[PDB]
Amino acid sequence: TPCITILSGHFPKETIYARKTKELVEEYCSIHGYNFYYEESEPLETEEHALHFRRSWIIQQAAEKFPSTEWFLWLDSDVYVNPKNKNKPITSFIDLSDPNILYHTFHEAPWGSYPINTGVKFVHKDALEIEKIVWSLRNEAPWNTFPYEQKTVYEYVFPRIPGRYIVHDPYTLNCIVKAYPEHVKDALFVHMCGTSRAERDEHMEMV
């Protein structure tokens, strides 16, 4: 059972729904003994592409706070822990036993517009330096175009690490609410992907 550090972050901080997912994630980490890293630093770069790339920088903050981590888990600020599954461990939903694997990722077919969705991303500690390269690419075309870091993992990173990544079904660990409404109830991680700040606020009030 590996050492897991869950990390997240959101600019601006005082956004309501981001505070609400954070607490559900913090509670989740305390139940299972996972480390929780939440970025508190305001970003030097506030442009959309830069905020989307920021996860590649926060993982390094997480790495320095929690050096013993085996797997870093990025969850978007609009991803929360399903309260019905909050007492279930991540290792009940995914097999993290193949030592050759650097990334566990998730697809969003047939409803999504990209082959992977990096709103929930598992990064092995040995891929830390790769993530540093992903961050260093934030201002270069084409990687500074939508969909940014997600495109950079799929189109830059994955071709350079053949056989060292896995794309899983998203049903329990990256369950997009609008696309898989029927799975939401048995998901661990539920993603309010591609909705507005007010829409996400309202949804989190309901949870």
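Note that residue numbering follows the sequence shown and begins at 1.
For the segment pair 66 to 74 and 42 to 50, the entry gives 42 to 50 the higher mean B-factor, averaged over Cα atoms. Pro110: CA B factor in the lowest third of modelled residues in this chain (values from the PDB entry).
Per-chain ranking of the deposited C-alpha B factor places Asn117 in the lowest third.
Sort the chain's modelled residues by C-alpha temperature factor and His124 lands in the lowest third, per the entry. Sort the chain's modelled residues by C-alpha temperature factor and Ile130 lands in the middle third, per the entry. Per-chain ranking of the deposited C-alpha B factor places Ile176 in the middle third.
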